[PDB]
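Q:
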Amino acid sequence: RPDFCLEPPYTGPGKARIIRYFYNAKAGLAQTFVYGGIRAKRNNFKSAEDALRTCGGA
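Sequential numbering of the sequence shown, starting at 15, is according to mature numbering (1 follows the signal peptide of the UniProt record, and there is no 0).
1) So the candidates are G51, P23, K29, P16; which of them puts its Cα closest to the Cα of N38?
2) Could you tell me which of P27, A54, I33, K40 sits nearest to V48, measuring between CA atoms?
3) Give the DSSP-derived three-state secondary structure of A62 in the structure shown.
4) Quick check for students: name the residue ranges of the alpha helix (DSSP H) that lie wholly in the segment 29-55, counting only runs of 4 or more.
5) How is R67 classed by DSSP in three states: helix, strand or coil?
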C-alpha cells in the first residue's frame, strides 16, 4: 500500500472548504474531509473510487 495511504487527512493552510476524500485505512473505506484548496498531501482524492483504486491494497 503506498505509504501516504495511512496518514490522516490534511486540510492544509488554505481557507477554502472543498470536499475531498481520504483513504481511512482502519475502516478500509474512503471518508470525506474538508480541504483548504492548496498544498495537498497525497491521501487526497477527488472521489471515493480513486482513493480505493490507489490505496485499497492489492
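Just so it is clear, CB atoms sit at the ideal spot from N, CA and C, and this is done for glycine as well.
A: According to the structure shown:
1) Along the sequence shown, one-based indexing puts residue 38 at 24. Cα-wise, what sits closest to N38 is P23.
2) In the sequence shown, the residue the question calls residue 48 occupies position 34. Closest option to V48, Cα to Cα, is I33.
3) On the sequence shown, position 48 is the one that residue 62 refers to. For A62, the three-state secondary structure derived from DSSP is helix.
4) none
5) Looking up residue 67 in the sequence shown gives position 53. Judged by DSSP in its simplified three-state form, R67 adopts helix.
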